[PDB]
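Protein chains in written order, with the authors' numbering: chain A, 1 to 23; chain B, 1 to 23; chain C, 1 to 148, 168 to 296; chain D, 1 to 296; chain E, 1233 to 1238, 1245 to 1281; chain F, 1085 to 1133; chain G, 51 to 99; chain H, 24 to 82, 94 to 340, 348 to 368.
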Amino acid sequence: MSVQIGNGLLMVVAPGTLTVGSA
Amino acid sequence: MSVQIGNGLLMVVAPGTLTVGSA
Amino acid sequence: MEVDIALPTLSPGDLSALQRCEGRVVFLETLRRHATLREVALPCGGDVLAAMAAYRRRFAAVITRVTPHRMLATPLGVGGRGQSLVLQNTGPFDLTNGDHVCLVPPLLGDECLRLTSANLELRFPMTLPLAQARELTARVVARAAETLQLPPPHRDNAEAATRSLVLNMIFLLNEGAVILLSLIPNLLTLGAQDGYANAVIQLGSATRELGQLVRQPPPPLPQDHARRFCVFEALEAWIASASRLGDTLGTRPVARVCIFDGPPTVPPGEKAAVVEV
Amino acid sequence: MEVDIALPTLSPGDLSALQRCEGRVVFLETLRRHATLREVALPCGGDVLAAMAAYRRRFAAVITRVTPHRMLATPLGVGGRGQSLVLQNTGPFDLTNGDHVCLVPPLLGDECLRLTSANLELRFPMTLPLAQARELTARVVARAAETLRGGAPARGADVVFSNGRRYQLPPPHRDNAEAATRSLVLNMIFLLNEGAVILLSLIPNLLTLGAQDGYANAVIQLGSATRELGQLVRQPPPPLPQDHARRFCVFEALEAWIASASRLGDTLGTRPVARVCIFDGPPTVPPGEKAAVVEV
Amino acid sequence: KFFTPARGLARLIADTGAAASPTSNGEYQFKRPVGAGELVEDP
Amino acid sequence: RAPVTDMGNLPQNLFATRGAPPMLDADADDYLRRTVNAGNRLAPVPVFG
Amino acid sequence: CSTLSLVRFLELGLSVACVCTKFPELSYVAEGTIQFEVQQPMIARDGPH
Amino acid sequence: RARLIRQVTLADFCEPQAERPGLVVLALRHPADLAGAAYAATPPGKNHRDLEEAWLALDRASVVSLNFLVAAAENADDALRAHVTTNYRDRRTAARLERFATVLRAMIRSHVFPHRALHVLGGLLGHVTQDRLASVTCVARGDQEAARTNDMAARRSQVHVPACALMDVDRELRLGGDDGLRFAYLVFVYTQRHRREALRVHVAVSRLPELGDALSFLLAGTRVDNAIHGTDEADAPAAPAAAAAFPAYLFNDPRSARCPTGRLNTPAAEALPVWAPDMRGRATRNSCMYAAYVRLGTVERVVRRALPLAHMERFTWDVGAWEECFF
C-alpha cells in the first residue's frame, strides 16, 4: 500500500526530451 | 539531438491518477 | 520551428565552399516555413548606413545545416529567450565570455560569397561586441552628419540618420534643462577639486570650452514653480530617452555569448556557443 | 543547469543569518559547476556606477536551498522553458502581481550582509518594478543636483507613491549615500549638459525662434518630410591649423558624445529580467517576502 | 430597510432565514463586505 | 447564547457620506466640521481613498 | 506522534437526510431538472354552492 | 505548456460570466499613487486637482477587460456599446462607463497617461464568482490553447478582439508583403486639446518589429494638431531677447576674452558675453506625446465572423514593455 503511482509519477516522467527547441 | 527526455517529461507524466482523494 | 531555404543546383566547386557557412546569419523578410535562396540576398557592398537601416525591419535567422538539397536555419529571436545555438565570429575583433553581440553590416565590402551557378551572392554580416559596435555606429553617423579604411557616404539617406538623431537630441530641451545648464561654472569648479570629477569630464568635452567663454545669469523661475519641479521631470526624460538612443541608431543586442567548458575567449573565425536574448 | 557555491567554515549562528538569505540574487562570473564564496563578493560600500557596469559583465543567479556545506544557485539568462523560481523581494516599496522587475544596486542607504569570521561581505541588489526603477534613480540624482546649487532646501519632493503607501526616501549621506552615488550624478548631469550645448551649437537660432509658432513649426517640419531648409544645420566655422591650443572641431565632440551617451544608456538596466506571476498566494508581496516569479 | 419600497406568502416566509447579513465583523457595524456573508434570521 | 454585538449607543456621523451640496460659506462648513468631529469615534481620516 | 481520526459520511447518522448517488459524467451536464405531477382530492358540495 | 495568473478581484470592469473566455484583460494600478503623482505632474496653467475629483466621482477593483475599455473611448461601433450595456448583468453599469470615460479624459489632461496606469495580462479562461467578487485566471506565456477551460463544451479557446478596433498595418501601408507570422501590438492614441480631448484604442498586427516611423506616419494628423495646440494655457513671455542667440562665432576665436577656472565668483571677469537660454512655454516632450504601444505576441491569422468579432489564430502570449511615441 505504498508503491508506484506517486512512485508512478516518480519513475517515468521519462518519455518528454524535446520540450522543443524552437520559437 | 532533440527527442524525448523533455519529450521524456512530456509523454509519460502518465502513471500518477490518484493524487489521492482523501484528507 | 525551422526555416527551410531550398537551394537550386550549384557548382560542386562552389557547393562545397558554401558548406563552410554554418554560423553566419541571414536576413529573411517573412517567416514562412519554406523559402528560396534567391530571396535572401543583397548586392555587393555600398551605403553602410542604408544597410544598417535595412537590418532593423527584417528579422534575421542563423543557418545550422547545409545538405546538397536543403539548408536549415533558425529564426534568431521570435519567441525564444534561452534558445541556445551556435554562430561563428566573422568580425575583426575577438569576443570574450559574457558580453552581448551585435550585428553590423560588412565594412569595406569585398566579403561576398559569390555563387556563379545560381548567379546570386550574399553578404553575411559581421558580429561585434556591443560596446565597440557602439563606437562604430557613432563614428559613422557623426561623419554622415558632417555632410551638411572608409567608405564614401551618400547624402541621400544620411538625412534619415541626421533626422533621427536631431529629433531625439532636440526633445531633450525642457524648461528644467536650463536649470541644469545654469551650473556649468558650478560644475567646473567642482571638477578641479577632486581627481574623479576631473577624470569624468573628458578633454574635448565641448562644455569645458564653454565654461570659460560665456556667462549666464540666474535662471528665471518658470510658470507655477511653486507646485511642481522641473529638474526631476527633465532627468526622467533624459534617462528614459537615452536608455534606447543607440538602438534607434545602431542595432539592438540579440545574443550574449556563454561558454561552459571551452576556453574563455574565442579567436576570430571560430565557432562559439551562444544563448539568445 | 544548476550551480553550487562552496561555503567556508563560518560559525554557528552566522550560518543561520545566511540561510535567512535564501532568495536574493548573486552574480557569478563564468558558468562553471564549482565556484567559491570568495569569488561572488564585492566591497559592500562602493561606486554604484562601477557596480552597475559589473552587473552586465556577469550572469545573474538566484540562491536556492542553503546548507552548511554549499548553496545551490540557478542562473537567469541562460536556460530553457523559463522554469519558475522563488525570489525574495528586497526593494524599498512592495510590488504587485504581473509587473516586470529589474535589478539595481542599493542606491539609497546600503544594507550589506557581513560575515565576521569568514572576513568577507556580500552585496544584494534591490528588485524594483520597471517604472519605479526608472524613476528612483532620477529622484535621487535630482536631489543631488538640487543640493549642488545651494537653492531652496526641500519642498517635500523626497516622496514616492506606490501601491497605496508612500516611501520616505531617507535623508542623504546617512552611511555613504553622498559618496557611493556621486560619480553617477556627475556622469549624468555632465552628459545632459553636453548634449544640450552641442545641439545648440549645431543649430544657432533655435531658442530665438517663435516660442509658439516658429519652434513648433521647426519641430513639425523636421518630424515630417525632409524640407529641413535643405541644410538647416548651418555650416560651423572651420577650425584652427589643428595644433593650436583652441582648436574645436564640433563633430569629434559629437561622435564622442554619441559614444558616451550610448555607453551610459547601456549601463542603466531598464531591461526586464523577470516577471512576477504569483498564483496561490496574496496578489501583492510586501518587502521582505518571497514571490513566485517567472524569468522572461 | 424601512424606507426603501423594494407573488406568494410562502416565498416571504421562506426568505426569512436565508437572508445575507448586511454587516461586517470589523468591530464596527459597517457596510456588508463584497466577499461573503453569514446567514442570519430576522422577523 | 450571549449577545454578539454591543447594545450600546454610537451616534451616526453623517459627515461620512457624499452627495450633499456644501454650504456656500466655506468658513461655516469648516466650523461645522471642526465642532462635530471633535469627540466622535466616527470622525473620518484625511486619507485619500 | 498523533494519528488521524478518519470519518466516513455514511456511518454518520446524518446520511439519512440525503440520497447520495454517483454520476461520473456530471461535468458534461448543463442545467438538469426534475418533474412533478399532483392531483387534489375533491369534495362533492351541495345546493347553494 | 503555458503558465497562468490568478487574481481575485471585484466584478467591476471585467465580468467573466458575461463574456466567454478568450479576450485580453488588463491590470489597473492603485489609483492613490496616480492621484498623488498628478499633484506634481500636471503641467503649468492647467488644473492640478481635477483627477482627484474625477476619481472620487467613481465611488479592490483591479482588472478591466479590453472589451469594456474599448467602449469607453472615442472610437467604438455602437453595436458594442449596446452589447456591453444590455449584456452585462451589473447594476448602474452605463453610468460607470460614463464615469470611466471622464476618468481617462482627465488622465490625459493631467499628463499622467493611462499607459502608465494599465499593465496588460493575458486572456482569461476561468473564473469562480461569489456575489460581486470574482477570481479570473488568464494565461501569461506560451500559446493560448495549451490551457484547459472548465466549460466542457470547448475545452480549449481562442483569442477574441472587437473587430471595430483591430487596425491592420501591412495591408494598410501596402508593403506588398505576404502574410506569414505577424506580431501583435496594442496601441493607444492620445490627443491633447484642453477640455476638448479624447483617447483612441487599437489592436495592431504586422510583421514590423519596430513601430516607430510606422505610427509616426500613420497618426500624422494627430501629431500635427497635437504639437501646436499642446502648449496652450502656458504663459510664454514676449519676443525672445537677442541675448538668447547662443553665440557660436566665439569657439575658435584665437583672440577673445577668456577666463581660467578658479576665478569665477565676481572678479574682474565681467567682460564675458551674457547668454540667457530662456525656455518657458515651448513644446516639451510630454506635450508632443500622441501614441504609446506595447508588444503582445505573435499571430498566424485573423478571420472576421460573428456583434462583429475577430478570432485570432495560434496566439502566443509574449508581453513586452511599454513604449513612447512622441517624435
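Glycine residues also receive a C-beta, built at the ideal position from the N, C-alpha and C atoms.
Item, Value
"Rounded to whole angstroms, what's the CA-CA distance from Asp56(H) to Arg32(D)? Just pull it up for me.", "44 angstroms"
"If you run the structure through DSSP and keep just helix, strand and coil, what is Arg234(H)?", "strand"
"Between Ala197(H) and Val101(C), what straight-line distance do the alpha-carbon atoms span, to the nearest angstrom?", "41 angstroms"
"Would you mind sorting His99(G) into buried or exposed? The rule is 16 or more other CB atoms within 10 Å of its CB.", "exposed"
"So with CB distances below 9 angstroms, who are the chain H contacts of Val1272(E)?", "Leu33, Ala34, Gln164, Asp165, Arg166 and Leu167"
"If you compare alpha carbons, which of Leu79(H), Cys37(H) and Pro67(H) is closest to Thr1101(F)?", "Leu79(H)"
"My output table needs one value for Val294(D): the three-state DSSP class, helix, strand or coil.", "strand"
"Please decide whether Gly1133(F) counts as near chain H, where near means a Cβ-Cβ distance under 8 angstroms.", "yes"
"I want to verify the contact list: residues of chain C whose CB lies under 7 angstroms from the CB of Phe367(H), in sequence order.", "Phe190"
"Taking 8 angstroms as the CB-CB limit, is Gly16(A) close to chain C?", "no"
"Would you say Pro272(C) reaches chain A, if we count a Cβ-Cβ gap shorter than 8 angstroms as a contact?", "no"
"So, under 8 angstroms CB-CB, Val273(D) and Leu95(D) are touching, yes? Tell me the CB distance rounded to an integer number of Å.", "Not confirmed; about 13 angstroms, so no contact."
"Would you check if the distance between the CB atom of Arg234(H) and the CB atom of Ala107(H) is smaller than 8 angstroms?", "yes"
"Using 8 angstroms as the threshold, is the C-beta distance between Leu264(D) and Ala261(C) below it?", "yes"
"Tell me the DSSP secondary structure of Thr163(H) in three-state form.", "strand"
"Please list, in chain order, the chain C residues whose beta carbon lies closer than 8 angstroms to that of residue 298(D).", "There is simply no residue 298(D) to check, as chain D begins at 1 and stops at 296 in what is shown."
"Closer than 6 angstroms by C-beta to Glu146(D): which residues in its own chain qualify, once you throw out the five before and the five after it? Chain order, please.", "none"
"Pull up the distance between the alpha-carbon of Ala133(D) and that of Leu49(D), whole angstroms please.", "15 angstroms"
"So, under 8 angstroms CB-CB, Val141(C) and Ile258(D) are touching, yes? Tell me the CB distance rounded to an integer number of Å.", "7 angstroms"
"Under three-state DSSP, which class holds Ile63(D)?", "strand"
"Is the closest heavy atom of the ligand ZN to the C-beta of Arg289(H) under 7 angstroms?", "The model on display carries no ligand, and the ligand ZN is accordingly not part of it."
"Going by beta-carbon coordinates alone, are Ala270(H) and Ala211(D) separated by less than 8 angstroms?", "yes"
"List, from N- to C-terminal side, the alpha helix (DSSP H) runs of 4 residues or more that fit wholly inside the segment 168-246 of chain D.", "177-180, 182-202 and 214-223"
"Hey, quick one: how far does the beta strand (DSSP E) through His34(C) stretch, first residue to last?", "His34 to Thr36"
"Quick check: what's the CA-CA separation for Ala118(C) versus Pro8(C)?", "7 angstroms"
"Taking the CB atoms as reference points, tell me whether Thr116(D) and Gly91(D) lie closer together than 8 angstroms.", "no"
"Is there a Cβ from chain D that is less than 8 angstroms from the Cβ of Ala291(H)?", "no"
"State the start and end residues of the unbroken beta strand (DSSP E) segment that holds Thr32(H).", "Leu27 to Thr32"
"Should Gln83(D) be labelled buried (16 or more other beta-carbon atoms within 10 Å of its own) or exposed?", "exposed"
"According to the Cβ coordinates, are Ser201(D) and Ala282(H) closer than 8 angstroms?", "yes"
"Mapping DSSP to helix, strand and coil, what is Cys322(H)?", "helix"
"Who are the near neighbours of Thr127(H) in its chain, counting only those whose CB is closer than 7 angstroms to its CB and skipping five residues on each side?", "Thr119"
"Cα separation between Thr32(H) and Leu253(H)?", "36 angstroms"
"What in chain C is Cβ-close to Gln221(D), meaning under 8 angstroms?", "Per Cβ cutoff of 8 angstroms: no residues; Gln221(D) is ~11 angstroms from chain C at best."
"Apart from the five residues on each side of it in sequence, which residues of its chain come closer than 6 angstroms, Cβ to Cβ, to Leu122(D)?", "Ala41 and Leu113"
"Going by Cα to Cα distance, which pick from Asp213(C), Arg24(C), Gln235(C) and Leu107(C) is closest to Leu306(H)?", "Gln235(C)"
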